[PDB]
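Throughout the sequence shown, residue numbering follows PDB author numbering, covering 4 to 26, 29 to 61, 66 to 126 in sequence.
All residues carry an ideal CB built from backbone N, CA and C; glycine is no exception.
Before any comments, here is the structure.
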Amino acid sequence: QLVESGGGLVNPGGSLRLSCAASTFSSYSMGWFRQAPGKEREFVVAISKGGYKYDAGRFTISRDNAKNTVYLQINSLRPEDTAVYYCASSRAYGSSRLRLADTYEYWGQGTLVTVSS
Ligand SMILES: [Zn+2]
Ligand SMILES: [Zn+2]
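In structure tokens:
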């Protein structure tokens, strides 16, 4: 029900906007996670149903309910940022449990971001 878009080749120090389009979006808290080469999964950032954000300050989140979309902005890319980025939706209200993958029920396919130069 979720599709991430926008990944690609990007420069260190650059900026990148990813989008996660949802197929009743307003009733879900939305989170972004990432899996880098080697690393295990990392929480990135989440925005609750109510509009409140939970952070892991280069990664920011907005939700356009009227476009059924959540955006991840990465400002000032770093080599650590090479990863597949996953969007996820949870039926939970906002809490620090939105930093945990186990809280989410629906997930996207991921979009790959490669920091290079
Ligand atoms: Zn914060
Ligand atoms: Zn809009």
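DSSP places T78 in the uninterrupted beta strand (DSSP E) bounded by 78 to 84.
Short of 8 Å from the beta carbon of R87, and not among the five residues preceding or following it, lie these beta carbons of its own chain, in chain order: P15, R67, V124. The DSSP-derived three-state label of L107 is helix.
DSSP places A25 in the uninterrupted beta strand (DSSP E) bounded by 18 to 25. Per the DSSP secondary-structure output, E89 pairs with nothing in a beta bridge.
The residue among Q118, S99, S31, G103 with its C-alpha nearest the C-alpha of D111 is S99. Here the alpha carbon of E114 sits roughly 21 Å from the alpha carbon of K76. Remark: the shortest separation between the CB of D73 and any heavy atom of ligand 1 does not fall under 6 Å.
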